[PDB]
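Read through the structure below, which is laid out as structure tokens, and then see the notes.
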Amino acid sequence: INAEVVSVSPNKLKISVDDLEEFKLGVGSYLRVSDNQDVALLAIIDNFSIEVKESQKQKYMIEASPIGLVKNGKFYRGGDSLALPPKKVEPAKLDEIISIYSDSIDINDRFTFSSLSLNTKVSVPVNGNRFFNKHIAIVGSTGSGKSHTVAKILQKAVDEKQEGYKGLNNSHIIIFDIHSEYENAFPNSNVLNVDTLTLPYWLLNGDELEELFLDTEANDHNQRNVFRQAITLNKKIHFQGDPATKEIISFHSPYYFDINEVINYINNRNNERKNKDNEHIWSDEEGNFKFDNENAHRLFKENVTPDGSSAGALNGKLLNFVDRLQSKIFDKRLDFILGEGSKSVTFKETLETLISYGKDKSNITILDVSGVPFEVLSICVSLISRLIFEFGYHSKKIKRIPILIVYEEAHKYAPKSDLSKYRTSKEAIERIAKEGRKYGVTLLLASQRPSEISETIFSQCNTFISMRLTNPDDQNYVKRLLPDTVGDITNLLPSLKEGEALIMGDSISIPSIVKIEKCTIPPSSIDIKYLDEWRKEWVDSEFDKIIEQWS
Amino acid sequence: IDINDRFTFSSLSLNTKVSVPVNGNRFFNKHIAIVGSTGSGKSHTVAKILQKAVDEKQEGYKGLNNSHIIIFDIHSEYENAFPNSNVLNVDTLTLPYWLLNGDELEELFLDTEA
């Protein structure tokens, strides 16, 4: 009567308020509709309105959305028919808001890293087991502090430990940051950039190893056919294992090979010669032989001279091929993956760095891919993604350790586009998403452009923490891909504050607008302060020093 | 499909309760194509039809039926699949040269280029 619900729809609650000051508050506040005790329905507020009757004081309209009903402290989603035209409205108390989030998850499995935006005092704990074992997607536009949330979750991930022992916990954290953002956020972490990390070229699969050395645009099927052939025979001779395994070895099979002998194989095939017997005869100081699958290993050496007065069938068709590989094998930017240390490294040492079980075991491994060239960025981010998945695949085989692969700027690796330069990372990250949940290898898509991420990869993640999203194309992409929704809270995305997040999913009890805790040590990236350097005087001695290094 | 004609070797993936028979009279008499990349279990699915065709026997007798499947396997992948089968590798199989025609005999022995 004084303040009464006048429209009870199963999705929208429209109530009558005579005066707000006596009623007590903003958009998104929680409302309780119960004049009868022992049961209540909790409704979040959509919007206010004012209808003027022109004969009395104006009545403030409050449209609310029922998020669910509470019975004896237990929150159940849905809208019951117990609501009647004689109902009462008043703001929900702090203890009833607390009971929505506190009672749903047990004390041991609570994982709190934020608080409600409407009321700071109430803290929202997410179900930690359901949050981490399932894939997470943290999308929010630039300037919204998205990387602060990806940090503050991970600082709470390391700090979440068992009470039995204090120290380095069970987890493992791998971050693929391009902006070098999380160096300051985790100072005790193990950081690997191009100058120290040495990936092996032979661990690349068939899809990965083709695009590292070739391009699909300027290479025909006959041009690549020797390249699959040349590596395949080089794999078997360097294979020191049992002969009962070597027949399964192919170009897709990750076994060690020497790339420089493959270059000599391509270069020698560029200079192949036909004799009077019409056979690719070959000459070296050890003897005289013909080109065959048995005697192809002595072709791999450099000191092989062609003999014959007539050219071969595949002669001269590989000079463009070998020079393409010749440029990459001494490309100084590709020294981390085709260098001398890549031949000398082992698979044990390769996985000892990415997992970081070395001299300084740390929870968090940072793979700074800023120095990686952009044409091969989608390959190193694909090789490591497969390697941790293969580590996760074989960790349960030797046990018959969850690893979070944080993908900073995840749309750069896994885009909606189907271009061949992003082909390697998109299908490998799909294997992390679709399959790796049961092997313990779980991911974290952190990106400021969610709409560039492919839908298949993005939808698999079921817990959706979102900061301010204000690009209209980004908003329509995320709001279409939602597993759950509450009426007027997805429209609040461009109006979110700094550090204020929207987190939904089956881990959290109810979708809500939360405020992530402020980072004591924020993920600040050290950059070239352009206006600070440009304000200084003209540096002239430093130009001569650069060219000498270049030369 | 008639009762004597039904040849079930699989079940629906979206509903495993229902069995999916094929017209086995029209299944084998017209040519079959099994297609799938490595690691897809295609060798298991290829073998499964061949066990079921072998086990497809009339109840009036106990023993061998009239199954005749000849396998050109290049990866040596179904030697362990069928224990009652005969495997003929190179030291046991014997191929006469005189049964080759002149088109095969020219390629096996000589080269026209030299």
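In the structure tokens, chains take the letters A, B, ... in the order shown, each chain's residues start at 1, and ligands count up from 1 in the order shown.
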Find the residues of chain B in contact range of chain A, meaning any atom within 9 Å when counting only C-alpha atoms, and list them as a PDB file with N, CA and C atoms, in the first residue's frame.
```pdb
ATOM      1  N   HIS B  75      51.085 -50.640 -43.573  1.00  0.00           N
ATOM      2  CA  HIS B  75      51.640 -50.230 -42.292  1.00  0.00           C
ATOM      3  C   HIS B  75      51.761 -51.375 -41.298  1.00  0.00           C
ATOM      4  N   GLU B 113      64.129 -45.571 -70.131  1.00  0.00           N
ATOM      5  CA  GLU B 113      64.964 -44.387 -70.308  1.00  0.00           C
ATOM      6  C   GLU B 113      66.388 -44.762 -70.701  1.00  0.00           C
ATOM      7  N   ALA B 114      66.904 -45.869 -70.164  1.00  0.00           N
ATOM      8  CA  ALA B 114      68.288 -46.275 -70.375  1.00  0.00           C
ATOM      9  C   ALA B 114      68.399 -47.596 -71.131  1.00  0.00           C
TER      10      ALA B 114
END
```
CA of residue 44 in chain B to CA of residue 92 in chain B, straight-line distance in Å: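 Value for the CA of residue 92 in chain B-CA of residue 44 in chain B distance: 25.7 Å.
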Contact residues around residue 227 in chain A with only C-alpha atoms at 9 Å, ignoring same-chain residues under 6 positions, as a list in words: residues 210, 262 and 266 of chain A
Residues from the last selection, N, CA and C atoms, saved as a short mmCIF file (atom, residue, chain, number, x, y, z; two decimals), in the first residue's frame:
```cif
data_model
loop_
_atom_site.label_atom_id
_atom_site.label_comp_id
_atom_site.auth_asym_id
_atom_site.auth_seq_id
_atom_site.Cartn_x
_atom_site.Cartn_y
_atom_site.Cartn_z
N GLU A 210 56.35 -26.17 -41.33
CA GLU A 210 56.23 -25.67 -42.69
C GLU A 210 56.24 -24.14 -42.72
N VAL A 262 69.80 -30.84 -43.88
CA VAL A 262 68.62 -30.73 -44.74
C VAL A 262 68.81 -29.61 -45.75
N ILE A 266 68.77 -30.05 -49.82
CA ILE A 266 68.02 -29.24 -50.77
C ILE A 266 68.96 -28.58 -51.77
#
```
All alpha helix (DSSP H) residues (DSSP, backbone) inside chain B, as a list in words: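 Checking each residue of chain B, the alpha helix (DSSP H) ones are residues 24, 25, 26, 27, 28, 42, 43, 44, 45, 46, 47, 48, 49, 50, 51, 52, 53, 54, 55, 102, 103, 104, 105, 106, 107, 108 and 109 of chain B.
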Keeping only N, CA and C atoms, write the selected residues as a PDB file, in the first residue's frame.
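Produced file part.pdb, reproduced below:
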```pdb
ATOM      1  N   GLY B  24      23.400 -54.982 -45.648  1.00  0.00           N
ATOM      2  CA  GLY B  24      24.662 -55.664 -45.874  1.00  0.00           C
ATOM      3  C   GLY B  24      24.759 -56.326 -47.232  1.00  0.00           C
ATOM      4  N   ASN B  25      23.617 -56.671 -47.826  1.00  0.00           N
ATOM      5  CA  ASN B  25      23.611 -57.126 -49.210  1.00  0.00           C
ATOM      6  C   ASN B  25      24.054 -56.011 -50.148  1.00  0.00           C
ATOM      7  N   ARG B  26      23.601 -54.784 -49.895  1.00  0.00           N
ATOM      8  CA  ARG B  26      24.001 -53.615 -50.664  1.00  0.00           C
ATOM      9  C   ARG B  26      25.221 -52.912 -50.087  1.00  0.00           C
ATOM     10  N   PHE B  27      25.760 -53.396 -48.967  1.00  0.00           N
ATOM     11  CA  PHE B  27      26.921 -52.750 -48.365  1.00  0.00           C
ATOM     12  C   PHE B  27      28.216 -53.230 -48.999  1.00  0.00           C
ATOM     13  N   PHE B  28      28.388 -54.542 -49.109  1.00  0.00           N
ATOM     14  CA  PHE B  28      29.638 -55.093 -49.607  1.00  0.00           C
ATOM     15  C   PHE B  28      29.654 -55.278 -51.117  1.00  0.00           C
ATOM     16  N   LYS B  42      40.773 -45.205 -37.532  1.00  0.00           N
ATOM     17  CA  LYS B  42      40.200 -45.718 -38.773  1.00  0.00           C
ATOM     18  C   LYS B  42      40.548 -47.183 -38.989  1.00  0.00           C
ATOM     19  N   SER B  43      41.743 -47.601 -38.564  1.00  0.00           N
ATOM     20  CA  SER B  43      42.114 -49.009 -38.644  1.00  0.00           C
ATOM     21  C   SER B  43      41.232 -49.872 -37.754  1.00  0.00           C
ATOM     22  N   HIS B  44      40.817 -49.343 -36.601  1.00  0.00           N
ATOM     23  CA  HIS B  44      39.883 -50.066 -35.746  1.00  0.00           C
ATOM     24  C   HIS B  44      38.516 -50.189 -36.405  1.00  0.00           C
ATOM     25  N   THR B  45      38.052 -49.120 -37.057  1.00  0.00           N
ATOM     26  CA  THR B  45      36.751 -49.164 -37.717  1.00  0.00           C
ATOM     27  C   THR B  45      36.783 -50.014 -38.978  1.00  0.00           C
ATOM     28  N   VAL B  46      37.907 -50.013 -39.701  1.00  0.00           N
ATOM     29  CA  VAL B  46      38.056 -50.896 -40.856  1.00  0.00           C
ATOM     30  C   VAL B  46      38.018 -52.352 -40.415  1.00  0.00           C
ATOM     31  N   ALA B  47      38.724 -52.671 -39.329  1.00  0.00           N
ATOM     32  CA  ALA B  47      38.769 -54.045 -38.842  1.00  0.00           C
ATOM     33  C   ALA B  47      37.410 -54.501 -38.327  1.00  0.00           C
ATOM     34  N   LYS B  48      36.666 -53.602 -37.671  1.00  0.00           N
ATOM     35  CA  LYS B  48      35.427 -53.977 -36.988  1.00  0.00           C
ATOM     36  C   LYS B  48      34.375 -54.500 -37.962  1.00  0.00           C
ATOM     37  N   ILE B  49      34.314 -53.933 -39.168  1.00  0.00           N
ATOM     38  CA  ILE B  49      33.424 -54.476 -40.188  1.00  0.00           C
ATOM     39  C   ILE B  49      33.877 -55.873 -40.594  1.00  0.00           C
ATOM     40  N   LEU B  50      35.191 -56.090 -40.658  1.00  0.00           N
ATOM     41  CA  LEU B  50      35.714 -57.362 -41.142  1.00  0.00           C
ATOM     42  C   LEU B  50      35.567 -58.480 -40.115  1.00  0.00           C
ATOM     43  N   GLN B  51      35.663 -58.172 -38.814  1.00  0.00           N
ATOM     44  CA  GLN B  51      35.322 -59.182 -37.812  1.00  0.00           C
ATOM     45  C   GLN B  51      33.846 -59.541 -37.884  1.00  0.00           C
ATOM     46  N   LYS B  52      32.980 -58.533 -38.019  1.00  0.00           N
ATOM     47  CA  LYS B  52      31.544 -58.784 -38.010  1.00  0.00           C
ATOM     48  C   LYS B  52      31.094 -59.521 -39.262  1.00  0.00           C
ATOM     49  N   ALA B  53      31.740 -59.261 -40.400  1.00  0.00           N
ATOM     50  CA  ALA B  53      31.464 -60.041 -41.601  1.00  0.00           C
ATOM     51  C   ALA B  53      31.933 -61.480 -41.438  1.00  0.00           C
ATOM     52  N   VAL B  54      33.055 -61.679 -40.745  1.00  0.00           N
ATOM     53  CA  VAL B  54      33.541 -63.028 -40.481  1.00  0.00           C
ATOM     54  C   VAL B  54      32.634 -63.733 -39.480  1.00  0.00           C
ATOM     55  N   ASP B  55      32.240 -63.035 -38.411  1.00  0.00           N
ATOM     56  CA  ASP B  55      31.340 -63.618 -37.423  1.00  0.00           C
ATOM     57  C   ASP B  55      29.911 -63.757 -37.928  1.00  0.00           C
ATOM     58  N   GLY B 102      52.920 -58.161 -69.829  1.00  0.00           N
ATOM     59  CA  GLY B 102      54.040 -57.415 -70.378  1.00  0.00           C
ATOM     60  C   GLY B 102      54.139 -55.992 -69.866  1.00  0.00           C
ATOM     61  N   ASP B 103      53.011 -55.397 -69.472  1.00  0.00           N
ATOM     62  CA  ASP B 103      53.050 -54.060 -68.888  1.00  0.00           C
ATOM     63  C   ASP B 103      53.745 -54.068 -67.531  1.00  0.00           C
ATOM     64  N   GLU B 104      53.455 -55.069 -66.695  1.00  0.00           N
ATOM     65  CA  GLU B 104      54.166 -55.192 -65.426  1.00  0.00           C
ATOM     66  C   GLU B 104      55.596 -55.672 -65.623  1.00  0.00           C
ATOM     67  N   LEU B 105      55.820 -56.549 -66.601  1.00  0.00           N
ATOM     68  CA  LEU B 105      57.131 -57.164 -66.769  1.00  0.00           C
ATOM     69  C   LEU B 105      58.155 -56.172 -67.304  1.00  0.00           C
ATOM     70  N   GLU B 106      57.709 -55.188 -68.088  1.00  0.00           N
ATOM     71  CA  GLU B 106      58.610 -54.138 -68.552  1.00  0.00           C
ATOM     72  C   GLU B 106      59.045 -53.237 -67.404  1.00  0.00           C
ATOM     73  N   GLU B 107      58.135 -52.951 -66.472  1.00  0.00           N
ATOM     74  CA  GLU B 107      58.456 -52.046 -65.374  1.00  0.00           C
ATOM     75  C   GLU B 107      59.326 -52.723 -64.323  1.00  0.00           C
ATOM     76  N   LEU B 108      59.085 -54.010 -64.064  1.00  0.00           N
ATOM     77  CA  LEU B 108      59.825 -54.710 -63.018  1.00  0.00           C
ATOM     78  C   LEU B 108      61.286 -54.911 -63.402  1.00  0.00           C
ATOM     79  N   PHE B 109      61.547 -55.240 -64.665  1.00  0.00           N
ATOM     80  CA  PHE B 109      62.878 -55.674 -65.068  1.00  0.00           C
ATOM     81  C   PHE B 109      63.739 -54.533 -65.597  1.00  0.00           C
TER      82      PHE B 109
END
```
All residues 8 Å or closer to residue 10 in chain B, only C-alpha atoms, same chain fewer than 6 positions away omitted, as a PyMOL selection string: chain B and resi 19-21
Exercise: residue 484 in chain A partners within 8 Å, only C-alpha atoms, chain neighbours under 3 positions left out, as a ChimeraX atom specification: /A:504-505,511
One-decimal distance in Å that lies between CA of residue 76 in chain A and CA of residue 106 in chain A: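 About the pair CA of residue 106 in chain A and CA of residue 76 in chain A: they are 16.4 Å apart.
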Picked from range 270-516 of chain A by DSSP as strand (DSSP E or B), as an MDAnalysis selection string: chainID A and resid 273:274 281:283 288:290 305:306 310:311 364:367 403:408 415 441:447 453 463:466 500:504 512:516
Of the listed residues A:212, A:240, A:4, A:482, that which approaches residue 374 in chain A most closely, counting only C-alpha atoms: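 Once distances to residue 374 in chain A are computed over only C-alpha atoms, the minimum belongs to A:212.
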Residue contacts of range 364-367 of chain A (10 Å, only C-alpha atoms) excluding same-chain residues fewer than 3 positions away, as an mmCIF file with N, CA, C and O atoms, in the first residue's frame:
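Listed below is the output, part.cif:
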```cif
data_model
loop_
_atom_site.group_PDB
_atom_site.id
_atom_site.type_symbol
_atom_site.label_atom_id
_atom_site.label_comp_id
_atom_site.auth_asym_id
_atom_site.auth_seq_id
_atom_site.Cartn_x
_atom_site.Cartn_y
_atom_site.Cartn_z
ATOM 1 N N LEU A 154 45.901 -13.947 -10.311
ATOM 2 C CA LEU A 154 47.066 -14.822 -10.226
ATOM 3 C C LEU A 154 47.856 -14.617 -8.939
ATOM 4 O O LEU A 154 48.437 -15.578 -8.428
ATOM 5 N N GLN A 155 47.904 -13.392 -8.403
ATOM 6 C CA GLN A 155 48.511 -13.202 -7.086
ATOM 7 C C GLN A 155 47.728 -13.943 -6.010
ATOM 8 O O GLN A 155 48.313 -14.476 -5.059
ATOM 9 N N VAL A 158 48.618 -17.919 -6.411
ATOM 10 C CA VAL A 158 49.807 -18.375 -5.696
ATOM 11 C C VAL A 158 49.591 -18.312 -4.192
ATOM 12 O O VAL A 158 50.030 -19.202 -3.455
ATOM 13 N N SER A 171 50.325 -25.668 -8.040
ATOM 14 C CA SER A 171 50.000 -25.078 -9.334
ATOM 15 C C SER A 171 51.250 -24.745 -10.149
ATOM 16 O O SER A 171 52.384 -24.828 -9.673
ATOM 17 N N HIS A 172 51.021 -24.417 -11.419
ATOM 18 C CA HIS A 172 52.043 -23.889 -12.315
ATOM 19 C C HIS A 172 51.389 -22.842 -13.202
ATOM 20 O O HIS A 172 50.288 -23.065 -13.713
ATOM 21 N N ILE A 173 52.055 -21.706 -13.386
ATOM 22 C CA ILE A 173 51.485 -20.568 -14.097
ATOM 23 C C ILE A 173 52.400 -20.247 -15.271
ATOM 24 O O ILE A 173 53.611 -20.076 -15.089
ATOM 25 N N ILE A 174 51.830 -20.183 -16.474
ATOM 26 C CA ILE A 174 52.565 -19.797 -17.675
ATOM 27 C C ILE A 174 51.813 -18.656 -18.346
ATOM 28 O O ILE A 174 50.628 -18.797 -18.667
ATOM 29 N N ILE A 175 52.497 -17.534 -18.562
ATOM 30 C CA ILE A 175 51.885 -16.322 -19.097
ATOM 31 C C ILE A 175 52.550 -15.973 -20.419
ATOM 32 O O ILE A 175 53.779 -15.863 -20.492
ATOM 33 N N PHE A 176 51.738 -15.797 -21.460
ATOM 34 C CA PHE A 176 52.218 -15.376 -22.774
ATOM 35 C C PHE A 176 51.931 -13.888 -22.950
ATOM 36 O O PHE A 176 50.988 -13.487 -23.630
ATOM 37 N N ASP A 177 52.767 -13.055 -22.337
ATOM 38 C CA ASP A 177 52.574 -11.613 -22.412
ATOM 39 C C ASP A 177 53.389 -11.025 -23.556
ATOM 40 O O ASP A 177 54.586 -11.295 -23.683
ATOM 41 N N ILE A 178 52.730 -10.226 -24.390
ATOM 42 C CA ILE A 178 53.424 -9.522 -25.460
ATOM 43 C C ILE A 178 53.867 -8.134 -25.010
ATOM 44 O O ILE A 178 54.903 -7.635 -25.461
ATOM 45 N N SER A 180 54.988 -7.240 -22.143
ATOM 46 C CA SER A 180 55.919 -7.356 -21.015
ATOM 47 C C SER A 180 55.325 -6.729 -19.758
ATOM 48 O O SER A 180 55.988 -6.004 -19.014
ATOM 49 N N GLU A 181 54.048 -7.022 -19.530
ATOM 50 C CA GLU A 181 53.266 -6.343 -18.509
ATOM 51 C C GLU A 181 53.425 -6.950 -17.125
ATOM 52 O O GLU A 181 53.398 -6.217 -16.132
ATOM 53 N N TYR A 182 53.597 -8.264 -17.033
ATOM 54 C CA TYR A 182 53.552 -8.964 -15.759
ATOM 55 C C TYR A 182 54.925 -9.166 -15.137
ATOM 56 O O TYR A 182 55.041 -9.925 -14.170
ATOM 57 N N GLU A 183 55.961 -8.522 -15.677
ATOM 58 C CA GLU A 183 57.279 -8.563 -15.049
ATOM 59 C C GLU A 183 57.237 -7.934 -13.662
ATOM 60 O O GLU A 183 57.685 -8.534 -12.678
ATOM 61 N N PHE A 186 54.834 -9.857 -10.882
ATOM 62 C CA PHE A 186 55.375 -11.046 -10.222
ATOM 63 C C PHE A 186 56.895 -10.970 -10.268
ATOM 64 O O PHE A 186 57.531 -11.551 -11.158
ATOM 65 N N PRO A 187 57.509 -10.248 -9.325
ATOM 66 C CA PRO A 187 58.969 -10.069 -9.376
ATOM 67 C C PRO A 187 59.753 -11.336 -9.086
ATOM 68 O O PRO A 187 60.886 -11.470 -9.563
ATOM 69 N N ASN A 188 59.191 -12.269 -8.324
ATOM 70 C CA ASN A 188 59.877 -13.510 -7.997
ATOM 71 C C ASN A 188 59.651 -14.599 -9.035
ATOM 72 O O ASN A 188 60.135 -15.720 -8.853
ATOM 73 N N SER A 189 58.931 -14.296 -10.110
ATOM 74 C CA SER A 189 58.659 -15.269 -11.152
ATOM 75 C C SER A 189 59.901 -15.500 -12.011
ATOM 76 O O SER A 189 60.884 -14.755 -11.952
ATOM 77 N N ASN A 190 59.845 -16.554 -12.819
ATOM 78 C CA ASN A 190 60.922 -16.900 -13.736
ATOM 79 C C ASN A 190 60.506 -16.372 -15.105
ATOM 80 O O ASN A 190 59.480 -16.792 -15.650
ATOM 81 N N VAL A 191 61.302 -15.462 -15.656
ATOM 82 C CA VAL A 191 60.970 -14.757 -16.888
ATOM 83 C C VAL A 191 61.890 -15.247 -17.996
ATOM 84 O O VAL A 191 63.115 -15.266 -17.831
ATOM 85 N N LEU A 192 61.300 -15.639 -19.122
ATOM 86 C CA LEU A 192 62.048 -16.141 -20.267
ATOM 87 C C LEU A 192 61.675 -15.337 -21.503
ATOM 88 O O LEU A 192 60.523 -15.370 -21.946
ATOM 89 N N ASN A 193 62.649 -14.628 -22.055
ATOM 90 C CA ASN A 193 62.512 -13.888 -23.295
ATOM 91 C C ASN A 193 63.371 -14.550 -24.370
ATOM 92 O O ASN A 193 63.908 -15.644 -24.170
ATOM 93 N N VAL A 194 63.484 -13.883 -25.522
ATOM 94 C CA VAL A 194 64.177 -14.453 -26.679
ATOM 95 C C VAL A 194 65.657 -14.674 -26.381
ATOM 96 O O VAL A 194 66.243 -15.686 -26.787
ATOM 97 N N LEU A 197 65.653 -17.933 -23.719
ATOM 98 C CA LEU A 197 64.914 -19.125 -24.113
ATOM 99 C C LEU A 197 65.367 -19.611 -25.484
ATOM 100 O O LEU A 197 65.541 -18.817 -26.413
ATOM 101 N N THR A 353 62.573 -25.620 -18.794
ATOM 102 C CA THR A 353 62.525 -24.165 -18.779
ATOM 103 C C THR A 353 61.095 -23.639 -18.816
ATOM 104 O O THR A 353 60.752 -22.721 -18.064
ATOM 105 N N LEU A 354 60.256 -24.207 -19.686
ATOM 106 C CA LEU A 354 58.871 -23.759 -19.793
ATOM 107 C C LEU A 354 58.087 -24.068 -18.522
ATOM 108 O O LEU A 354 57.339 -23.219 -18.025
ATOM 109 N N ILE A 355 58.250 -25.276 -17.981
ATOM 110 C CA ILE A 355 57.623 -25.627 -16.711
ATOM 111 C C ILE A 355 58.359 -24.970 -15.545
ATOM 112 O O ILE A 355 57.752 -24.724 -14.492
ATOM 113 N N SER A 356 59.632 -24.611 -15.749
ATOM 114 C CA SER A 356 60.490 -23.936 -14.769
ATOM 115 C C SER A 356 60.706 -24.799 -13.524
ATOM 116 O O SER A 356 60.333 -24.441 -12.405
ATOM 117 N N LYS A 361 62.986 -22.894 -8.960
ATOM 118 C CA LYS A 361 61.614 -23.334 -9.172
ATOM 119 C C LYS A 361 60.657 -22.246 -8.706
ATOM 120 O O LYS A 361 60.715 -21.809 -7.552
ATOM 121 N N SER A 370 57.644 -10.488 -26.591
ATOM 122 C CA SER A 370 57.767 -9.190 -27.243
ATOM 123 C C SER A 370 58.858 -9.203 -28.306
ATOM 124 O O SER A 370 58.685 -8.630 -29.387
ATOM 125 N N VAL A 381 54.295 -19.430 -29.860
ATOM 126 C CA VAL A 381 53.143 -19.520 -28.974
ATOM 127 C C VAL A 381 52.343 -20.789 -29.239
ATOM 128 O O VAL A 381 51.526 -21.190 -28.404
ATOM 129 N N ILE A 384 54.970 -24.027 -27.718
ATOM 130 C CA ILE A 384 54.933 -24.149 -26.266
ATOM 131 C C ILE A 384 53.558 -24.615 -25.802
ATOM 132 O O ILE A 384 53.444 -25.405 -24.858
ATOM 133 N N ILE A 403 48.075 -26.669 -14.724
ATOM 134 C CA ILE A 403 48.858 -25.570 -15.273
ATOM 135 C C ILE A 403 47.901 -24.597 -15.941
ATOM 136 O O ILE A 403 47.055 -25.005 -16.745
ATOM 137 N N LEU A 404 48.026 -23.318 -15.602
ATOM 138 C CA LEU A 404 47.230 -22.259 -16.213
ATOM 139 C C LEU A 404 48.072 -21.550 -17.266
ATOM 140 O O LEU A 404 49.050 -20.872 -16.936
ATOM 141 N N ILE A 405 47.688 -21.702 -18.531
ATOM 142 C CA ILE A 405 48.357 -21.027 -19.639
ATOM 143 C C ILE A 405 47.616 -19.717 -19.881
ATOM 144 O O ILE A 405 46.603 -19.683 -20.578
ATOM 145 N N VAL A 406 48.129 -18.632 -19.315
ATOM 146 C CA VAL A 406 47.516 -17.322 -19.493
ATOM 147 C C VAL A 406 47.903 -16.782 -20.860
ATOM 148 O O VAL A 406 49.090 -16.675 -21.185
#
```
Show me, as a JSON list (two decimals) with N, CA, C and O atoms, in the first residue's frame, the residues that have an atom within 12 Å of residue 143 in chain A when counting only C-alpha atoms, minus same-chain residues fewer than 3 positions from it.
```
[["chain", "number", "residue", "atom", "x", "y", "z"],
["A", 140, "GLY", "N", 38.27, -7.25, -21.56],
["A", 140, "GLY", "CA", 37.91, -5.90, -21.21],
["A", 140, "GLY", "C", 38.70, -4.90, -22.03],
["A", 140, "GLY", "O", 39.88, -5.13, -22.28],
["A", 146, "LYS", "N", 42.38, -4.29, -17.45],
["A", 146, "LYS", "CA", 42.16, -5.72, -17.62],
["A", 146, "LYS", "C", 43.34, -6.53, -17.09],
["A", 146, "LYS", "O", 43.14, -7.54, -16.40],
["A", 147, "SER", "N", 44.56, -6.08, -17.38],
["A", 147, "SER", "CA", 45.75, -6.79, -16.91],
["A", 147, "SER", "C", 45.90, -6.73, -15.40],
["A", 147, "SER", "O", 46.58, -7.59, -14.83],
["A", 148, "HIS", "N", 45.32, -5.73, -14.74],
["A", 148, "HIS", "CA", 45.30, -5.71, -13.29],
["A", 148, "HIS", "C", 44.48, -6.87, -12.73],
["A", 148, "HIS", "O", 44.88, -7.51, -11.75],
["A", 448, "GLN", "N", 41.96, -7.50, -24.96],
["A", 448, "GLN", "CA", 41.23, -6.24, -24.99],
["A", 448, "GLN", "C", 40.32, -6.11, -26.20],
["A", 448, "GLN", "O", 39.56, -5.14, -26.29],
["A", 467, "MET", "N", 35.72, -6.74, -17.72],
["A", 467, "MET", "CA", 35.88, -5.35, -17.30],
["A", 467, "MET", "C", 35.04, -4.48, -18.22],
["A", 467, "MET", "O", 34.13, -4.97, -18.90],
["A", 468, "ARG", "N", 35.29, -3.17, -18.21],
["A", 468, "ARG", "CA", 34.57, -2.26, -19.08],
["A", 468, "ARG", "C", 34.79, -2.62, -20.54],
["A", 468, "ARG", "O", 35.92, -2.58, -21.04],
["A", 469, "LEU", "N", 33.70, -2.95, -21.22],
["A", 469, "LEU", "CA", 33.72, -3.25, -22.65],
["A", 469, "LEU", "C", 32.86, -2.20, -23.33],
["A", 469, "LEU", "O", 31.65, -2.13, -23.08],
["A", 470, "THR", "N", 33.47, -1.40, -24.19],
["A", 470, "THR", "CA", 32.82, -0.21, -24.71],
["A", 470, "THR", "C", 32.82, -0.11, -26.23],
["A", 470, "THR", "O", 32.12, 0.75, -26.77],
["A", 494, "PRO", "N", 29.83, -0.99, -20.74],
["A", 494, "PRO", "CA", 30.59, 0.24, -21.01],
["A", 494, "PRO", "C", 30.56, 1.25, -19.87],
["A", 494, "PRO", "O", 31.34, 2.21, -19.91],
["A", 496, "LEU", "N", 31.20, 0.40, -16.68],
["A", 496, "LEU", "CA", 31.95, -0.15, -15.56],
["A", 496, "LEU", "C", 33.10, 0.78, -15.17],
["A", 496, "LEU", "O", 33.65, 1.50, -16.00],
["A", 497, "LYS", "N", 33.46, 0.74, -13.89],
["A", 497, "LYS", "CA", 34.48, 1.62, -13.35],
["A", 497, "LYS", "C", 35.87, 1.08, -13.68],
["A", 497, "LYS", "O", 36.03, 0.12, -14.45],
["A", 498, "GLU", "N", 36.89, 1.69, -13.09],
["A", 498, "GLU", "CA", 38.25, 1.20, -13.21],
["A", 498, "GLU", "C", 38.45, 0.07, -12.21],
["A", 498, "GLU", "O", 38.31, 0.27, -11.00],
["A", 499, "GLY", "N", 38.77, -1.12, -12.71],
["A", 499, "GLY", "CA", 38.92, -2.28, -11.86],
["A", 499, "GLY", "C", 37.63, -2.94, -11.45],
["A", 499, "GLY", "O", 37.67, -3.93, -10.71]]
```
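A straight line drawn from CA of residue 9 in chain B to CA of residue 80 in chain B is 19.8 Å long.
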Pick from A:428, A:28, A:103, A:454 nearest to residue 205 in chain A, counting only C-alpha atoms: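 For residue 205 in chain A, the nearest of the candidates is A:428.
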